[PDB]
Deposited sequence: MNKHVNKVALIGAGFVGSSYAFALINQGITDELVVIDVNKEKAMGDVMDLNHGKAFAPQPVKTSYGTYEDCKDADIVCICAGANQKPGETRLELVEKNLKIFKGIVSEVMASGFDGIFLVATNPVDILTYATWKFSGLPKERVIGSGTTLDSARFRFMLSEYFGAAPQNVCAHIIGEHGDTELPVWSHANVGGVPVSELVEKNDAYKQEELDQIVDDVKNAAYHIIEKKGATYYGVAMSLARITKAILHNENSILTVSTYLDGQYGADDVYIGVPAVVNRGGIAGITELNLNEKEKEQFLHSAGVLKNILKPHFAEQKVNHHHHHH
């Protein structure tokens, strides 16, 4: 009796629906159940998603469901919420959601997508009582993948042999780890000096990354395709025991001079969830940029915990 991979999705808005469409197009899970307070929408979405079932690369059973259907889920992905005020609404929404999920007997991994992601990931860990290695937030995985790709273009190599992370809070206080950005083994700073590859050229790439989402929202009011893709990517590392290094929202206790906070850092991800935290030796600018970011978060945290 071989293991059946099962994902439970909570919140069938634009992010959730797209996330589902992505799992189906990539053949990532064996089963998917969709849960939303708006029964009719989730129902319609499931039907639409199954309409083209025959064309999916791999069989995937997709169904409408309720909180109790989370019992044997490997992953519960939360895309629900509202779109200091907002943090209040969502903090409560999550409380009821995690409560209902845990009440079903779910004993898997939480994947949190709704913003502010670092905050709601910390919250989910609290409300659920699960080990911190099994509550995971999307963190800055999207921004880091982008940064990483733009650089394989810029320096002309495959993304596979290019290294670059974005860490910190998923937000304006997130930061690039220039000190460890390397191409094929060769540090970026090295390539910048030996050629005239110029500095604020690379600095502009970081500028685009941080504002990418705002610009999308400015034009169509919401962002969902890129988000959905990052979620499917993280779900893939888990379900297929990849040990992939991803800058997901992770609980720190001393690793980067930070403790008691969920924040974006490169973490090894596998079927168990977080399997280790990659500890980069930050230089001086990075070290304070980071702690400033961790401080901003922990500060919004205490009023609620």
| property | result |
| --- | --- |
| Stretches with no C-alpha atoms in the model, relative to the deposited sequence starting at 1 | 1, 85-91, 205, 315-326 |
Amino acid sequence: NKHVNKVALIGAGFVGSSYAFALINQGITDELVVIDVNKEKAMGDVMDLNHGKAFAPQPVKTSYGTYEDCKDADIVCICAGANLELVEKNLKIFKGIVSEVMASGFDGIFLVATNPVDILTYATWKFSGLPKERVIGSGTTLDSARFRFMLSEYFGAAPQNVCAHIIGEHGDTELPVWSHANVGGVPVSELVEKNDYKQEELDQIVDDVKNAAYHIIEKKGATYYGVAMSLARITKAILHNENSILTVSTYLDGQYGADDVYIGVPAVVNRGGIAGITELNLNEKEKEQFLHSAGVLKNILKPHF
From here on, numbers count along this sequence of modelled residues.
| query | finding |
| --- | --- |
| 98-106 versus 230-238 - greater average Cα B-factor per the deposited record | 98-106 |
| Entry-level comparison of average CA B-factors, 53-61 and 36-44, reporting the higher stretch | 36-44 |
| Criterion, highest CA B-factor; candidates, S138, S144, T223, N195 | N195 |
| Highest-ranked of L111, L86, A73, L175 once sorted by CA temperature factor in the record | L86 |
| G257 - Cα temperature factor, lowest/middle/highest third of chain | highest |
| Assigned third (lowest, middle, highest) for the C-alpha B factor of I217 | lowest |
| Lowest, middle or highest third - CA B-factor, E31 | lowest |
| Assigned third (lowest, middle, highest) for the C-alpha B factor of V4 | middle |
| Position of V162 among the chain's modelled residues by C-alpha B-factor, lowest, middle or highest third | highest |
